Each structure stands twice: as structure tokens, then as C-alpha cells.
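In C-alpha cells, one chain follows: the form deposited in one PDB entry.
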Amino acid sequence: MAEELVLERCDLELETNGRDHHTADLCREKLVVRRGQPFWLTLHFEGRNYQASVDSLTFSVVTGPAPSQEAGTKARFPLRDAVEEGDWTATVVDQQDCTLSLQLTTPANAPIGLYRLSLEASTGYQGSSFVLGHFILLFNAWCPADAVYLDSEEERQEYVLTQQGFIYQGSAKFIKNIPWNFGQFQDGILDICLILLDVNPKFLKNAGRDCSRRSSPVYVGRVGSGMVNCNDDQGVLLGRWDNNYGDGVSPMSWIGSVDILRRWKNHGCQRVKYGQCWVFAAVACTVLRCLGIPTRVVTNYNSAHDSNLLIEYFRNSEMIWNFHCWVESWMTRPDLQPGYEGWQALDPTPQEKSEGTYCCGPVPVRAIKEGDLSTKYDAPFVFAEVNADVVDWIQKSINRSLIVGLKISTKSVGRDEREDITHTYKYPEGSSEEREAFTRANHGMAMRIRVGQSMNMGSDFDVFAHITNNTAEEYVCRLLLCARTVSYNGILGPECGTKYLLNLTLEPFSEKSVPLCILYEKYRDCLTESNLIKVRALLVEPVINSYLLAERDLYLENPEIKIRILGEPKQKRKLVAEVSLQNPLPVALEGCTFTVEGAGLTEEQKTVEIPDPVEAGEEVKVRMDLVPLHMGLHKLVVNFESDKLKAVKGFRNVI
């Protein structure tokens, strides 16, 4: 007898829902709500209203292209009074002549995204099923049961709802606060953000699983950040640091994330040119804030102090920059060991390189501080941005030419002020906690410059970076080994040999002597009458960001003047002195002249002239007459001068 209900219309209650879900800017036309929290829909029936004793109403929701109940992307649930906490439910909260106001709740771990809501109404022996509408479901920092819950309203306002903020740039000494329009609730931005998820490589690999995993703010943070500068062509931005941004738009121009996002969408999800670290970070903040994950942009500063090999290596994309920016997002970490909930570092700057679909993060900030580098995801990459260990061997010594991890900064909550969060990444220098973390992060290595034989002006010779690994672990390092001439007063001249090794493998409990050949032809023209060559080595281990420097000055010695004493040493009479020198160069010597003197042996300075040039390796001798007189020691003294080999000295004691 009872006939089926006829829905006239469903009122999405955008106004009360927007307000209560903190989604009002997003609900001007469509319904956007947050998980784990009741929202309202008001049904209007044509004719007869719902009667619980006759009518059975059942709701169905699906999200994604392959919804399933086991995946959590499909749910079916009846309209009824009993409300099971933590489930998809619908209950009556008001009933008037023609209207039925319902309260629907979603699980606090439901997948986020666009859902289609359908209703089946059944009266007795008949049923009818149809589409009520759609809603977008987001993460809920207000819901205690949600992984992204933040216990503080002022922080929820800052990190989810506030659409403008500050990105710090400049330097550690001169911090710049650049205002930024994140614009997460601007028209079209949420749709663009859902698009970004639906073109991510994990969605292409398995869209049903991808949409299911969108329950997790770990998963969505990883994908969201990871997609901003994505090795695949569908990422949001392309990086560039060569001051040459004419293809497109300069990183320094942008004052917001919105225009970039809209550009990206409009050009077939093709990367927008160009980003730099803070532009990637800024767009990541927009995306993640849109989806409901509390997020904040952070800047770390690094500082040099200036001939250093270390600063050369870098000067002339895991560099160490004047500043670097990433984001932090707030969430629990049930996928990790207990106690890692809270801020998680996400770094959307280009190179996904070691392993995995994305880099870098999320990694708990506490894991970084604690040097617990086995914690997923990509902990070494974030550790390396705020730590660098640099040691000199001039011969063991700490080198502060490079200080990384200074004045780590983010906008203060509810204020236009800078909050220093360095303490969150780094224990104080020299503290037991710092040293204990440094121990956990690297679980014996040494370097010095060796030669192994005499070094002679005119010769080609090898120098060696002698690297010792006295630990149980393998190391893969980059090595820079080079030589430059140097003056007695410490002025570095031109290069006379260089060797770069991208891939030096150091086996456990082993050593290597890595040679570099120093050629006469390379140091000859550019070398001081000091005869000095500075050899410098830099061993880099980019994973932990550790640096070993070795430096040694070498003296290229002059040829010896042989001085021979013909005749007797008796305290009296005639005596002849034979002095010689072998040309050590591979080239002939022009304008050779010996000058000789020595009171007690001679009374005239004897200067010999050698017109016949001394060929390479040829020795030249000259004999000259002495005449002693008294008991004891006399020192004959010799100068040899040339066009290519000046002021070489010698002496001999006689009697």
C-alpha cells in the first residue's frame, strides 16, 4: 500500500557545513568537508515525508576510478538511530512536514578526495536508487582521531587556514622575509590539487590502491611534496639556477603559489619554468594546506668563511647553498616506531636519485635531530641539509670554512614574526646529545699527502692522496686532488695538475694511494723562486655530508753543487777546487756562470764563464786554484746562476 518516496531535492547545507568544517572558502558552490566530523544534508520529499516504520534508506559513497569496500574507497550505510563511532553513518536529527535533516559522519581515517553520494530508498516491496550529489573530503586537524590532529586552535589557524605567510631568504646575518600568497582556498586550487594526485605515478601504477592510500597523510604528504618537482614530466615545476630564466618566469618574481598551479594545469600538467628551492617549498605548502595537512615553510641558512678547496669544489644539485627551503607537515607516524609523531620534513627540491618514487620525506624532524637515519623516508638527505662535518689534516683539526644548519626559521603562529626552530633539528654544538646523535648518524678514516721520494726542480713526479679507512664500513667518495704553485708568503699561483674522481670506493679496513702526476712542463713557467707547490686533496662523502681536507706544501729542491778538494789539507800550500752541477731540467741551460769565494782558501772571487750551454742532464765542472795558510776549517762558497736556474748555492768545509 505504502508508495515509494520521491526526492524533490537535497540541500548540501553549504553554509553551516563550511563554517563547522573550516572549509567555508571552499564551499561557495560545492560541498567540502573534513573527515571524522559530522556534516549535514537536508532531504526534501515530494509528497509524503520519510516514515521510519515503512521506509528503509541506505546510502552509498564511492571515491576514485576503482572503488572497493576492502580498500575503504566504497562504503554502504543505512539511515538509522544507532551511530557506530568511527564508521560511515547517517542519522536523523530533525524531521519537519516535508524535510528530513540528516547527520552523516565519515571515519577519521577515510581516504580523502572527491566522493559521489547515492541514496537508495525502499518502501516495502519496492526500491529506487540514485545520485544525491558529491562532496570532497579532506584531512581534519580539528578531529582528535585524525592522524593530522593539532591540539591547538592557533596552530590550526596558522598551518591549515592562513593563506599568506613569509618565506625567509637572504643570509644568516641578513634574513629577508618575503611575503607569500599560498592561496590554498582560491578558486580552482583544490581541484588542481586533486588533479595532481590523480596524475601521480603511483596512481598510474595502481589507481585503486593509490586512492585507498590517500587515507594517510604520510602517503599524501610524500606524493604531494614529491609531485612539485618530479623527475617525471608531470611535476609542477622545473628547477634552474644559472640566472638564465628567459624561457619562462624567474624564481624571484613569484609572490604566490596560485599562478604557478594554474599555469601548470592549463598546460597539460607540464612543469612550469622555473623554480628554486623556496618556490618548490612554497607550492608544496599550498598543496598540503589545501588538502588539510598542517604545513609550514622553513628556511635553513649556511655560511662560508673564505683559498679553501671546499668552497672551490662547490663554487666551480645537492650543493650546500647560502639558504635552502623545505616544508614541515604535522602528523602521527604509525608506520614508524613509537614517538615520531609531529613535524615531518618534506623536501620538494629536484633530484629523486637514490631510490623510490619520490624524494625527500616525510622524515620526522626528531629523527634528524637524533641522527636516527634509518627512519623512512630519505632521512640522510634531510640530515645533510642541516649537518656537515669538515676536518683538516695539515699535520686532525675541525675546519669551520663551512657552517651548515644556522638560524633555521619559520613564520611565528598568528604573528608576522620569525620563529627560530634550529633547536628542533640540532642539539647544541658540543653537547653530549649532539655527539651521541652524530655517532648514530655515521655508526677511523684519514687522509694525508704522500710523495715517497726526493722532489727535484726539473723532474716529473707523483704526489699521492694517501687515504686510510680503518673502519668496518665501505665508503663511496668523491675526491678532488690538485696542485698549485705557491710563493714563500703564501700566494697561490696557477694549477699544475688536477685529478677528480666522482666514484672513489674505499673498502672496509683498507687504504689507497691515489696518485697525481706533477709535470715539469706544467709547473715550470708558473713557479716561484721559492720552488714551492701546494698539493691539496678533498674527500667528500655526500650521503652523511662529511668532508676530509689534506694539504701539504712541497719544496722542489735545487741541484747540489758538488765541490771537490784536489790536493792536500796540510796547513800550508797549493790547492785546487773542482766544483760541478748536473742540469736537472729536461732543457738546456743558458748563461751558466759559477762565482766562488772563501776567505782562508782564496783571496780573489773567481767567476767562471760557460759559453757552451749545459744540455739536459749534462754536468758542468770548473777547476779553480786556492792557497790556504792557517790551521783549521775554511768554507769555500759557490753561487751558480743561469737563465732558467738562478742563485743555486753550495759550500764545502776544508782542512
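Only the largest set of C-alpha atoms that superpose within 1.5 Å between the two forms is called the rigid core. One-based numbering along the sequence shown.
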{"query": "Unresolved deposited residues lying between neighbours residue 316 and residue 317", "finding": "4 to 9"}
{"query": "Unmodelled deposited residues flanked by residue 507 on one side and residue 508 on the other", "finding": "none"}
{"query": "Stretch with the higher entry mean CA B-factor, where the candidates are 322 to 330 and 241 to 249", "finding": "241 to 249"}
{"query": "Comparing 228 to 236 with 516 to 524, the one whose average Cα B-factor in the PDB entry is higher", "finding": "228 to 236"}
{"query": "Assigned third (lowest, middle, highest) for the C-alpha B factor of residue 25", "finding": "highest"}
{"query": "Modelled-residue ranking by C-alpha temperature factor, third containing residue 397", "finding": "highest"}
{"query": "Chain third (lowest, middle, highest) by recorded CA B-factor, residue given as residue 403", "finding": "highest"}
{"query": "Cα B factor band for residue 275 (lowest, middle or highest third within the chain)", "finding": "highest"}
{"query": "CA B-factor placement of residue 150, once the chain's modelled residues are sorted into thirds", "finding": "highest"}
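The same protein has a further form, the form deposited in another entry, not shown here; the description that follows concerns it.
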| query | finding |
| --- | --- |
| Identity of the moved residue from 454, 244, 96, 337, C-alpha shift 2 angstroms or more, core fit between the shown form and the other one | 454 |
| C-alpha of residue 487 off by 2 Å or more between the shown form and the other one on rigid core | yes |
| Cα displacement of residue 627 between the shown form and the other one reaching 2 Å, rigid core superposed | yes |
| Yes/no, residue 569 Cα shift of 2 Å or more between the shown form and the other one with rigid core fixed | yes |
| Cα distance between residue 547 and residue 420, which in that other deposited form differs by 3 Å or more from this form, closer or farther | farther |
